[PDB]
>>> print(open('data15.csv').read())   # CSV, N, CA and C atoms
chain,number,residue,atom,x,y,z
L,42,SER,N,-18.0,7.7,-30.1
L,42,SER,CA,-18.2,7.2,-28.7
L,42,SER,C,-19.7,6.8,-28.4
L,43,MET,N,-20.0,5.8,-27.6
L,43,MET,CA,-21.4,5.5,-27.3
L,43,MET,C,-21.5,5.5,-25.7
L,44,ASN,N,-22.7,5.9,-25.3
L,44,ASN,CA,-23.1,5.7,-24.0
L,44,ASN,C,-23.6,4.3,-23.8
L,45,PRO,N,-23.5,3.8,-22.6
L,45,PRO,CA,-24.2,2.5,-22.3
L,45,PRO,C,-25.7,2.7,-22.2
L,46,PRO,N,-26.5,1.6,-22.3
L,46,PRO,CA,-27.9,1.7,-21.9
L,46,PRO,C,-28.0,2.2,-20.4
L,47,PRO,N,-29.0,3.0,-20.1
L,47,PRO,CA,-29.1,3.5,-18.8
L,47,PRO,C,-29.5,2.4,-17.8
L,48,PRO,N,-29.4,2.7,-16.5
L,48,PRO,CA,-29.8,1.7,-15.6
L,48,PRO,C,-31.3,1.4,-15.7
L,49,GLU,N,-31.7,0.2,-15.5
L,49,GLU,CA,-33.1,-0.1,-15.6
L,49,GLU,C,-33.9,0.7,-14.6
L,50,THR,N,-35.2,1.0,-14.9
L,50,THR,CA,-36.1,1.6,-14.0
L,50,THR,C,-37.4,0.8,-13.7
L,51,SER,N,-37.4,-0.3,-14.4
L,51,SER,CA,-38.4,-1.3,-14.1
L,51,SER,C,-37.8,-2.7,-14.4
L,52,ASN,N,-38.3,-3.8,-13.8
L,52,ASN,CA,-37.8,-5.1,-14.1
L,52,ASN,C,-38.9,-6.1,-13.6
L,53,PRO,N,-39.5,-6.9,-14.5
L,53,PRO,CA,-40.6,-7.7,-14.1
L,53,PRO,C,-40.1,-8.8,-13.2
L,54,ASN,N,-38.8,-9.1,-13.2
L,54,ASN,CA,-38.3,-10.2,-12.3
L,54,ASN,C,-37.9,-9.7,-10.9
L,55,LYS,N,-38.0,-8.4,-10.7
L,55,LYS,CA,-37.6,-7.8,-9.4
L,55,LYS,C,-38.8,-7.5,-8.6
L,56,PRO,N,-39.0,-8.1,-7.4
L,56,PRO,CA,-40.2,-7.8,-6.5
L,56,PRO,C,-40.2,-6.3,-6.2
L,57,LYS,N,-41.5,-5.7,-6.2
L,57,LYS,CA,-41.7,-4.3,-5.9
L,57,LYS,C,-42.4,-4.1,-4.6
L,58,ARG,N,-42.2,-2.9,-4.0
L,58,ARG,CA,-42.8,-2.7,-2.7
L,58,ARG,C,-42.9,-1.2,-2.5
L,59,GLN,N,-43.9,-0.8,-1.6
L,59,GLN,CA,-44.0,0.5,-1.1
L,59,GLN,C,-43.9,0.5,0.4
L,60,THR,N,-43.1,1.4,1.0
L,60,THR,CA,-43.0,1.5,2.4
L,60,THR,C,-43.1,3.1,2.7
L,61,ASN,N,-43.4,3.4,3.9
L,61,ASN,CA,-43.4,4.8,4.3
L,61,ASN,C,-42.0,5.4,4.2
L,62,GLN,N,-41.0,4.6,4.3
L,62,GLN,CA,-39.6,5.1,4.1
L,62,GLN,C,-39.3,5.4,2.6
L,63,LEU,N,-39.8,4.5,1.7
L,63,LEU,CA,-39.7,4.8,0.3
L,63,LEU,C,-40.5,6.1,-0.1
L,64,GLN,N,-41.7,6.2,0.5
L,64,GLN,CA,-42.5,7.4,0.3
L,64,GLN,C,-41.7,8.7,0.7
L,65,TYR,N,-41.1,8.6,1.9
L,65,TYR,CA,-40.3,9.7,2.3
L,65,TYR,C,-39.1,10.0,1.4
L,66,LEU,N,-38.4,9.0,0.9
L,66,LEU,CA,-37.4,9.1,-0.1
L,66,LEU,C,-37.8,9.9,-1.3
L,67,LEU,N,-39.1,9.6,-1.8
L,67,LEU,CA,-39.6,10.3,-2.9
L,67,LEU,C,-40.1,11.8,-2.6
L,68,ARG,N,-40.9,11.9,-1.5
L,68,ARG,CA,-41.6,13.1,-1.2
L,68,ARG,C,-40.8,14.1,-0.5
L,69,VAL,N,-39.8,13.7,0.2
L,69,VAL,CA,-38.9,14.6,1.0
L,69,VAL,C,-37.5,14.6,0.4
L,70,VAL,N,-36.8,13.4,0.3
L,70,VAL,CA,-35.4,13.4,-0.1
L,70,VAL,C,-35.2,13.8,-1.6
L,71,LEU,N,-35.8,13.1,-2.5
L,71,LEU,CA,-35.7,13.4,-3.9
L,71,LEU,C,-36.2,14.7,-4.2
L,72,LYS,N,-37.4,15.1,-3.7
L,72,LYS,CA,-38.0,16.3,-4.0
L,72,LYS,C,-37.0,17.5,-3.6
L,73,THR,N,-36.4,17.4,-2.4
L,73,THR,CA,-35.5,18.5,-1.9
L,73,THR,C,-34.3,18.6,-2.9
L,74,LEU,N,-33.7,17.4,-3.2
L,74,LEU,CA,-32.5,17.5,-4.0
L,74,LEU,C,-32.8,17.9,-5.4
L,75,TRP,N,-34.0,17.5,-6.0
L,75,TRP,CA,-34.3,17.8,-7.4
L,75,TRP,C,-34.5,19.2,-7.7
L,76,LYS,N,-35.0,20.0,-6.7
L,76,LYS,CA,-35.3,21.4,-6.9
L,76,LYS,C,-34.0,22.3,-6.7
L,77,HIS,N,-33.0,21.7,-6.1
L,77,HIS,CA,-31.8,22.5,-5.8
L,77,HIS,C,-31.1,23.1,-7.0
L,78,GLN,N,-30.5,24.2,-6.9
L,78,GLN,CA,-29.8,24.8,-8.0
L,78,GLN,C,-28.7,24.0,-8.6
L,79,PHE,N,-28.1,23.1,-7.8
L,79,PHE,CA,-27.1,22.2,-8.2
L,79,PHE,C,-27.5,20.8,-8.7
L,80,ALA,N,-28.9,20.6,-8.8
L,80,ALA,CA,-29.3,19.3,-9.2
L,80,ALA,C,-29.0,18.9,-10.7
L,81,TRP,N,-29.0,19.9,-11.6
L,81,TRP,CA,-29.1,19.7,-13.0
L,81,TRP,C,-28.0,18.6,-13.5
L,82,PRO,N,-26.8,18.6,-13.0
L,82,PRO,CA,-25.9,17.6,-13.6
L,82,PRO,C,-26.3,16.2,-13.3
L,83,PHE,N,-27.1,16.0,-12.3
L,83,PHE,CA,-27.5,14.7,-11.7
L,83,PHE,C,-28.9,14.3,-12.0
L,84,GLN,N,-29.6,15.0,-12.9
L,84,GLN,CA,-31.0,14.7,-13.2
L,84,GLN,C,-31.2,13.7,-14.3
L,85,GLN,N,-30.1,13.3,-14.9
L,85,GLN,CA,-30.1,12.3,-16.0
L,85,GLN,C,-28.8,11.6,-16.0
L,86,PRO,N,-28.7,10.4,-16.7
L,86,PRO,CA,-27.4,9.8,-16.8
L,86,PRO,C,-26.3,10.7,-17.4
L,87,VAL,N,-25.1,10.5,-17.0
L,87,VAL,CA,-24.0,11.2,-17.6
L,87,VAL,C,-23.9,10.9,-19.1
L,88,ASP,N,-23.9,11.9,-19.9
L,88,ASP,CA,-23.8,11.8,-21.4
L,88,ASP,C,-22.4,12.0,-21.7
L,89,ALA,N,-21.7,10.9,-21.7
L,89,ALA,CA,-20.2,10.9,-22.0
L,89,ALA,C,-19.8,11.4,-23.4
L,90,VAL,N,-20.8,11.2,-24.3
L,90,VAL,CA,-20.5,11.6,-25.7
L,90,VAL,C,-20.6,13.2,-25.7
L,91,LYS,N,-21.7,13.8,-25.3
L,91,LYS,CA,-21.7,15.2,-25.3
L,91,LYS,C,-20.8,15.9,-24.4
L,92,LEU,N,-20.4,15.3,-23.3
L,92,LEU,CA,-19.5,15.9,-22.4
L,92,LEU,C,-18.0,15.6,-22.7
L,93,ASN,N,-17.8,14.9,-23.8
L,93,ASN,CA,-16.4,14.5,-24.2
L,93,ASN,C,-15.6,13.9,-23.1
L,94,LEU,N,-16.2,12.8,-22.6
L,94,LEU,CA,-15.6,12.0,-21.5
L,94,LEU,C,-15.5,10.5,-22.0
L,95,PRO,N,-14.5,10.3,-22.9
L,95,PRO,CA,-14.5,9.0,-23.5
L,95,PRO,C,-14.1,7.9,-22.4
L,96,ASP,N,-13.6,8.2,-21.3
L,96,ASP,CA,-13.3,7.3,-20.2
L,96,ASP,C,-14.3,7.2,-19.1
L,97,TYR,N,-15.4,7.9,-19.2
L,97,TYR,CA,-16.3,7.9,-18.1
L,97,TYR,C,-16.8,6.5,-17.7
L,98,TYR,N,-17.3,5.8,-18.7
L,98,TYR,CA,-17.9,4.5,-18.5
L,98,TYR,C,-16.8,3.4,-18.5
L,99,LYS,N,-15.6,3.8,-18.7
L,99,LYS,CA,-14.5,2.9,-18.4
L,99,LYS,C,-14.1,2.9,-17.0
L,100,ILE,N,-14.3,4.0,-16.3
L,100,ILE,CA,-14.1,4.2,-14.9
L,100,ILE,C,-15.3,3.9,-14.0
L,101,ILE,N,-16.4,4.3,-14.4
L,101,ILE,CA,-17.7,4.2,-13.7
L,101,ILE,C,-18.5,3.0,-14.2
L,102,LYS,N,-18.5,1.9,-13.5
L,102,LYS,CA,-19.2,0.7,-13.9
L,102,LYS,C,-20.5,0.6,-13.2
L,103,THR,N,-20.8,1.4,-12.3
L,103,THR,CA,-22.1,1.4,-11.6
L,103,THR,C,-22.7,2.8,-11.7
L,104,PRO,N,-23.1,3.3,-12.9
L,104,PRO,CA,-23.7,4.6,-13.1
L,104,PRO,C,-25.0,4.7,-12.3
L,105,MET,N,-25.2,5.9,-11.8
L,105,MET,CA,-26.5,6.2,-11.2
L,105,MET,C,-26.7,7.7,-11.2
L,106,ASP,N,-28.0,8.1,-11.3
L,106,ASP,CA,-28.4,9.5,-11.4
L,106,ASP,C,-29.8,9.7,-10.8
L,107,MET,N,-30.1,10.9,-10.5
L,107,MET,CA,-31.5,11.1,-9.8
L,107,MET,C,-32.6,11.0,-10.8
L,108,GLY,N,-32.4,11.1,-12.1
L,108,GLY,CA,-33.5,10.8,-13.0
L,108,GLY,C,-33.9,9.3,-12.9
L,109,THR,N,-32.9,8.4,-12.9
L,109,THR,CA,-33.1,7.0,-12.7
L,109,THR,C,-33.8,6.7,-11.3
L,110,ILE,N,-33.3,7.4,-10.3
L,110,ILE,CA,-33.8,7.2,-8.9
L,110,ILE,C,-35.3,7.6,-8.9
L,111,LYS,N,-35.6,8.7,-9.5
L,111,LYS,CA,-37.0,9.2,-9.5
L,111,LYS,C,-37.9,8.3,-10.2
L,112,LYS,N,-37.5,7.8,-11.4
L,112,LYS,CA,-38.3,6.8,-12.0
L,112,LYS,C,-38.5,5.5,-11.3
L,113,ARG,N,-37.4,5.0,-10.6
L,113,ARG,CA,-37.5,3.8,-9.8
L,113,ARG,C,-38.5,4.0,-8.7
L,114,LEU,N,-38.4,5.2,-8.0
L,114,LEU,CA,-39.4,5.4,-6.9
L,114,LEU,C,-40.8,5.5,-7.4
L,115,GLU,N,-41.0,6.2,-8.6
L,115,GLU,CA,-42.3,6.3,-9.1
L,115,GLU,C,-42.9,5.0,-9.6
L,116,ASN,N,-42.0,4.1,-10.0
L,116,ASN,CA,-42.3,2.7,-10.5
L,116,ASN,C,-42.4,1.7,-9.4
L,117,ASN,N,-42.1,2.1,-8.2
L,117,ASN,CA,-42.1,1.1,-7.1
L,117,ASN,C,-41.1,0.0,-7.3
L,118,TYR,N,-40.0,0.4,-8.0
L,118,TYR,CA,-38.9,-0.6,-8.3
L,118,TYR,C,-38.2,-1.2,-7.1
L,119,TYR,N,-38.1,-0.4,-6.1
L,119,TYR,CA,-37.3,-0.8,-4.9
L,119,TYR,C,-38.1,-1.7,-4.0
L,120,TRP,N,-37.4,-2.6,-3.3
L,120,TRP,CA,-38.0,-3.4,-2.2
L,120,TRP,C,-38.0,-2.6,-0.9
L,121,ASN,N,-36.9,-1.9,-0.7
L,121,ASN,CA,-36.7,-1.3,0.6
L,121,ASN,C,-35.9,0.0,0.4
L,122,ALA,N,-36.0,0.8,1.5
L,122,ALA,CA,-35.3,2.1,1.5
L,122,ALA,C,-33.8,2.0,1.3
L,123,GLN,N,-33.2,0.9,1.8
L,123,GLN,CA,-31.7,0.8,1.7
L,123,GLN,C,-31.3,0.7,0.3
L,124,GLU,N,-32.1,0.1,-0.6
L,124,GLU,CA,-31.7,0.0,-2.0
L,124,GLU,C,-31.6,1.4,-2.6
L,125,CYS,N,-32.6,2.2,-2.3
L,125,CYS,CA,-32.7,3.6,-2.8
L,125,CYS,C,-31.5,4.4,-2.2
L,126,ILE,N,-31.3,4.4,-0.9
L,126,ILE,CA,-30.2,5.1,-0.3
L,126,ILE,C,-28.9,4.7,-1.0
L,127,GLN,N,-28.7,3.4,-1.3
L,127,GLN,CA,-27.5,2.9,-2.0
L,127,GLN,C,-27.4,3.6,-3.3
L,128,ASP,N,-28.5,3.8,-4.1
L,128,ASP,CA,-28.4,4.4,-5.4
L,128,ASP,C,-28.0,5.9,-5.2
L,129,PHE,N,-28.5,6.6,-4.2
L,129,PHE,CA,-28.0,8.0,-4.0
L,129,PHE,C,-26.5,8.0,-3.6
L,130,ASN,N,-26.1,7.1,-2.8
L,130,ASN,CA,-24.6,7.0,-2.4
L,130,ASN,C,-23.8,6.7,-3.6
L,131,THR,N,-24.2,5.8,-4.4
L,131,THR,CA,-23.5,5.5,-5.7
L,131,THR,C,-23.3,6.7,-6.5
L,132,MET,N,-24.4,7.4,-6.7
L,132,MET,CA,-24.4,8.7,-7.5
L,132,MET,C,-23.3,9.6,-7.0
L,133,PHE,N,-23.3,9.9,-5.7
L,133,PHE,CA,-22.3,10.8,-5.1
L,133,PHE,C,-20.9,10.3,-5.3
L,134,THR,N,-20.7,9.0,-4.9
L,134,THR,CA,-19.4,8.5,-4.9
L,134,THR,C,-18.8,8.4,-6.4
L,135,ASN,N,-19.7,8.1,-7.4
L,135,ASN,CA,-19.2,8.1,-8.7
L,135,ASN,C,-18.6,9.5,-9.1
L,136,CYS,N,-19.3,10.6,-8.6
L,136,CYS,CA,-18.8,11.9,-9.0
L,136,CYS,C,-17.5,12.1,-8.4
L,137,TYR,N,-17.3,11.7,-7.1
L,137,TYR,CA,-16.0,11.9,-6.5
L,137,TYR,C,-14.9,11.0,-7.1
L,138,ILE,N,-15.3,9.8,-7.5
L,138,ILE,CA,-14.3,8.9,-8.1
L,138,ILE,C,-13.8,9.5,-9.5
L,139,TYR,N,-14.7,10.0,-10.3
L,139,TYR,CA,-14.4,10.4,-11.7
L,139,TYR,C,-13.7,11.7,-11.7
L,140,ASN,N,-14.2,12.7,-11.0
L,140,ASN,CA,-13.8,14.1,-11.1
L,140,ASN,C,-12.7,14.4,-10.1
L,141,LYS,N,-11.9,15.5,-10.5
L,141,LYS,CA,-10.8,15.9,-9.6
L,141,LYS,C,-11.4,16.5,-8.3
L,142,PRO,N,-10.8,16.3,-7.1
L,142,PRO,CA,-11.4,16.7,-5.8
L,142,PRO,C,-11.8,18.2,-5.7
L,143,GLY,N,-11.2,19.1,-6.4
L,143,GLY,CA,-11.4,20.5,-6.3
L,143,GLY,C,-12.5,21.0,-7.4
L,144,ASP,N,-12.9,20.1,-8.2
L,144,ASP,CA,-13.7,20.5,-9.4
L,144,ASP,C,-15.1,21.0,-8.9
L,145,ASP,N,-15.6,22.0,-9.7
L,145,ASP,CA,-16.9,22.5,-9.4
L,145,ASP,C,-18.0,21.5,-9.3
L,146,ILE,N,-18.0,20.4,-10.1
L,146,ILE,CA,-19.0,19.4,-10.1
L,146,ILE,C,-19.0,18.7,-8.7
L,147,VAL,N,-17.8,18.5,-8.2
L,147,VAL,CA,-17.6,17.9,-6.9
L,147,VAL,C,-18.2,18.7,-5.8
L,148,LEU,N,-18.0,20.0,-5.9
L,148,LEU,CA,-18.6,20.9,-4.9
L,148,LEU,C,-20.1,20.9,-5.0
L,149,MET,N,-20.7,20.7,-6.2
L,149,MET,CA,-22.1,20.6,-6.4
L,149,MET,C,-22.6,19.3,-5.7
L,150,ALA,N,-22.0,18.2,-6.0
L,150,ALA,CA,-22.3,16.9,-5.4
L,150,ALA,C,-22.3,17.0,-3.9
L,151,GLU,N,-21.2,17.6,-3.3
L,151,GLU,CA,-21.1,17.7,-1.9
L,151,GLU,C,-22.2,18.5,-1.3
L,152,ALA,N,-22.7,19.6,-1.9
L,152,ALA,CA,-23.8,20.3,-1.4
L,152,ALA,C,-25.1,19.5,-1.4
L,153,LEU,N,-25.3,18.7,-2.4
L,153,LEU,CA,-26.4,17.8,-2.5
L,153,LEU,C,-26.3,16.7,-1.5
L,154,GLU,N,-25.2,16.2,-1.3
L,154,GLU,CA,-25.0,15.0,-0.4
L,154,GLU,C,-25.2,15.5,1.1
L,155,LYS,N,-24.8,16.7,1.4
L,155,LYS,CA,-25.0,17.3,2.7
L,155,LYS,C,-26.5,17.3,3.0
L,156,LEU,N,-27.3,17.8,2.0
L,156,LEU,CA,-28.7,17.9,2.2
L,156,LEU,C,-29.3,16.5,2.3
L,157,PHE,N,-28.9,15.6,1.4
L,157,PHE,CA,-29.3,14.2,1.5
L,157,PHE,C,-29.1,13.6,2.9
L,158,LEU,N,-28.0,13.8,3.5
L,158,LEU,CA,-27.7,13.3,4.8
L,158,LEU,C,-28.6,13.9,5.8
L,159,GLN,N,-28.8,15.2,5.7
L,159,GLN,CA,-29.7,15.9,6.7
L,159,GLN,C,-31.1,15.3,6.6
L,160,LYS,N,-31.6,15.0,5.4
L,160,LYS,CA,-32.9,14.5,5.3
L,160,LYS,C,-33.0,13.0,5.7
L,161,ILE,N,-32.0,12.2,5.3
L,161,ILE,CA,-32.1,10.8,5.7
L,161,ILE,C,-31.9,10.6,7.2
L,162,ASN,N,-31.3,11.6,7.9
L,162,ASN,CA,-31.2,11.5,9.3
L,162,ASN,C,-32.6,11.4,10.0
L,163,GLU,N,-33.7,11.8,9.3
L,163,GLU,CA,-35.0,11.8,9.8
L,163,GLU,C,-35.9,10.8,9.0
L,164,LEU,N,-35.3,9.8,8.4
L,164,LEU,CA,-36.0,8.7,7.7
L,164,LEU,C,-36.9,8.1,8.8
L,165,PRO,N,-38.2,8.0,8.5
L,165,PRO,CA,-39.1,7.5,9.6
L,165,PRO,C,-38.9,6.0,9.8
L,166,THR,N,-39.3,5.6,11.0
L,166,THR,CA,-39.4,4.3,11.4
L,166,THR,C,-40.4,3.6,10.4
L,167,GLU,N,-40.1,2.4,10.0
L,167,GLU,CA,-41.0,1.8,9.0
L,167,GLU,C,-42.3,1.4,9.8
L,168,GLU,N,-43.5,1.8,9.2
L,168,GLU,CA,-44.8,1.6,9.8
L,168,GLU,C,-45.9,2.1,8.8
W,582,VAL,N,-8.6,20.7,-21.9
W,582,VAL,CA,-8.0,19.6,-21.2
W,582,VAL,C,-9.1,18.6,-20.8
W,583,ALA,N,-8.8,17.4,-20.5
W,583,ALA,CA,-9.8,16.4,-20.2
W,583,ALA,C,-10.6,16.7,-18.9
W,584,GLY,N,-11.9,16.3,-18.9
W,584,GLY,CA,-12.7,16.5,-17.8
W,584,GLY,C,-14.0,17.3,-18.1
W,585,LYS,N,-14.9,17.3,-17.1
W,585,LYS,CA,-16.2,17.9,-17.4
W,585,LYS,C,-16.0,19.4,-17.6
W,586,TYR,N,-16.5,19.9,-18.7
W,586,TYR,CA,-16.6,21.4,-19.0
W,586,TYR,C,-15.2,22.0,-19.0
W,587,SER,N,-14.2,21.3,-19.3
W,587,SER,CA,-12.8,21.8,-19.2
W,587,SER,C,-12.1,21.7,-20.6
W,588,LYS,N,-12.8,21.2,-21.6
W,588,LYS,CA,-12.1,21.0,-23.0
W,588,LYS,C,-11.4,22.3,-23.5
W,589,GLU,N,-12.0,23.4,-23.2
W,589,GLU,CA,-11.4,24.7,-23.7
W,589,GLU,C,-10.5,25.4,-22.7
W,590,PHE,N,-10.2,24.8,-21.6
W,590,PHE,CA,-9.2,25.3,-20.6
W,590,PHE,C,-7.8,24.8,-20.9
W,591,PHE,N,-6.9,25.7,-20.9
W,591,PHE,CA,-5.5,25.4,-21.2
W,591,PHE,C,-4.4,25.9,-20.3
W,592,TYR,N,-4.8,26.6,-19.2
W,592,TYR,CA,-3.8,27.0,-18.2
W,592,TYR,C,-4.4,26.8,-16.8
>>> encode(input="data15.csv", output="structure tokens")
Amino acid sequence: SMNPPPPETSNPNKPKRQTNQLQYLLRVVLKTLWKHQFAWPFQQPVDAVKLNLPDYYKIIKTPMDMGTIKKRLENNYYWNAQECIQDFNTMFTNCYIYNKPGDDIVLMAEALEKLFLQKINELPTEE
Amino acid sequence: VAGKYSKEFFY
């Protein structure tokens, strides 16, 4: 089995930007989630080969993970906060799509998503 | 059985 190439973290054809909202997403949101005890499954792309998930990338066509998000934020890959927020939501939703509703990994994702929502509730006004 | 971290589970 093979994994796909990971999502890109830089692209010279994609305009780059910094905003205070993106800074918040790095310094508050990602930082909070990354240090959590349940972060580890989400700190890098799903390794379908080592996890013995031959159907993962048959089901999940928009993979995303916090390692990718972190690199995107550090690289100023995003134009706006919405793009980054979408990547976090993709990550959580992928977990719920692939895994069974009662699974431990789903409970982990839910804990992280709750924190995510609490932090994005205070996303600053752009300025 | 199929799934994350479940290969060695059988009941």
>>> interface_residues(input="data15.csv", of="chain W", to="chain L", cutoff="8 Å", atoms="only N, CA and C atoms", output="mmCIF file with N, CA and C atoms, keeping the file's coordinate frame")
data_model
loop_
_atom_site.group_PDB
_atom_site.id
_atom_site.type_symbol
_atom_site.label_atom_id
_atom_site.label_comp_id
_atom_site.auth_asym_id
_atom_site.auth_seq_id
_atom_site.Cartn_x
_atom_site.Cartn_y
_atom_site.Cartn_z
ATOM 1 N N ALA W 583 -8.800 17.400 -20.500
ATOM 2 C CA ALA W 583 -9.800 16.400 -20.200
ATOM 3 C C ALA W 583 -10.600 16.700 -18.900
ATOM 4 N N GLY W 584 -11.900 16.300 -18.900
ATOM 5 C CA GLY W 584 -12.700 16.500 -17.800
ATOM 6 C C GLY W 584 -14.000 17.300 -18.100
ATOM 7 N N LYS W 585 -14.900 17.300 -17.100
ATOM 8 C CA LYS W 585 -16.200 17.900 -17.400
ATOM 9 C C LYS W 585 -16.000 19.400 -17.600
ATOM 10 N N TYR W 586 -16.500 19.900 -18.700
ATOM 11 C CA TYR W 586 -16.600 21.400 -19.000
ATOM 12 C C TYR W 586 -15.200 22.000 -19.000
ATOM 13 N N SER W 587 -14.200 21.300 -19.300
ATOM 14 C CA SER W 587 -12.800 21.800 -19.200
ATOM 15 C C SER W 587 -12.100 21.700 -20.600
ATOM 16 N N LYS W 588 -12.800 21.200 -21.600
ATOM 17 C CA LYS W 588 -12.100 21.000 -23.000
ATOM 18 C C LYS W 588 -11.400 22.300 -23.500
#
>>> closest_residue(input="data15.csv", among="L:106, L:49, L:88, L:168", to="residue 131 in chain L", atoms="all atoms listed in the file")
L:106
>>> closest_residue(input="data15.csv", among="L:74, L:119, L:153, L:98", to="residue 56 in chain L", atoms="all atoms listed in the file")
L:119
>>> closest_residue(input="data15.csv", among="L:142, L:133, L:163, L:121", to="residue 63 in chain L", atoms="all atoms listed in the file")
L:121
>>> atom_distance(input="data15.csv", atom1="atom C of residue 167 in chain L", atom2="atom N of residue 112 in chain L")
22.7 Å
>>> atom_distance(input="data15.csv", atom1="atom C of residue 158 in chain L", atom2="atom N of residue 81 in chain L")
18.4 Å
>>> atom_distance(input="data15.csv", atom1="CA of residue 87 in chain L", atom2="atom N of residue 66 in chain L")
23.5 Å
>>> residues_around(input="data15.csv", residues="residue 116 in chain L", least_positions_apart="6", cutoff="8 Å", atoms="only N, CA and C atoms", output="compact mmCIF listing (two decimals) with N, CA and C atoms, in the coordinates of the input")
# COMPACT_ATOMS: atom_id res chain seq x y z
N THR L 50 -35.20 1.00 -14.90
CA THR L 50 -36.10 1.60 -14.00
C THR L 50 -37.40 0.80 -13.70
N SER L 51 -37.40 -0.30 -14.40
CA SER L 51 -38.40 -1.30 -14.10
C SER L 51 -37.80 -2.70 -14.40
N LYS L 57 -41.50 -5.70 -6.20
CA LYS L 57 -41.70 -4.30 -5.90
C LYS L 57 -42.40 -4.10 -4.60
N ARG L 58 -42.20 -2.90 -4.00
CA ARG L 58 -42.80 -2.70 -2.70
C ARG L 58 -42.90 -1.20 -2.50
N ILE L 110 -33.30 7.40 -10.30
CA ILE L 110 -33.80 7.20 -8.90
C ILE L 110 -35.30 7.60 -8.90
>>> closest_residue(input="data15.csv", among="L:132, L:154, L:122, L:160", to="residue 61 in chain L", atoms="all atoms listed in the file")
L:122
>>> build_atoms(input="data15.csv", residues="chain W", atoms="N, CA, C and O atoms", output="compact mmCIF listing (two decimals), keeping the file's coordinate frame")
# COMPACT_ATOMS: atom_id res chain seq x y z
N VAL W 582 -8.60 20.70 -21.90
CA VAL W 582 -8.00 19.60 -21.20
C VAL W 582 -9.10 18.60 -20.80
O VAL W 582 -10.31 19.00 -20.83
N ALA W 583 -8.80 17.40 -20.50
CA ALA W 583 -9.80 16.40 -20.20
C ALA W 583 -10.60 16.70 -18.90
O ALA W 583 -10.09 17.38 -17.98
N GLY W 584 -11.90 16.30 -18.90
CA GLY W 584 -12.70 16.50 -17.80
C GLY W 584 -14.00 17.30 -18.10
O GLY W 584 -14.12 17.86 -19.18
N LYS W 585 -14.90 17.30 -17.10
CA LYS W 585 -16.20 17.90 -17.40
C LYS W 585 -16.00 19.40 -17.60
O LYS W 585 -15.46 20.13 -16.71
N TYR W 586 -16.50 19.90 -18.70
CA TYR W 586 -16.60 21.40 -19.00
C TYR W 586 -15.20 22.00 -19.00
O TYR W 586 -15.17 23.26 -18.90
N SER W 587 -14.20 21.30 -19.30
CA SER W 587 -12.80 21.80 -19.20
C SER W 587 -12.10 21.70 -20.60
O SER W 587 -10.92 22.06 -20.64
N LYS W 588 -12.80 21.20 -21.60
CA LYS W 588 -12.10 21.00 -23.00
C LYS W 588 -11.40 22.30 -23.50
O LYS W 588 -10.31 22.15 -24.03
N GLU W 589 -12.00 23.40 -23.20
CA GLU W 589 -11.40 24.70 -23.70
C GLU W 589 -10.50 25.40 -22.70
O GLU W 589 -10.06 26.55 -22.93
N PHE W 590 -10.20 24.80 -21.60
CA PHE W 590 -9.20 25.30 -20.60
C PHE W 590 -7.80 24.80 -20.90
O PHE W 590 -7.63 23.58 -21.20
N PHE W 591 -6.90 25.70 -20.90
CA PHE W 591 -5.50 25.40 -21.20
C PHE W 591 -4.40 25.90 -20.30
O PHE W 591 -3.25 25.64 -20.52
N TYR W 592 -4.80 26.60 -19.20
CA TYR W 592 -3.80 27.00 -18.20
C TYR W 592 -4.40 26.80 -16.80
O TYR W 592 -3.60 27.10 -15.87
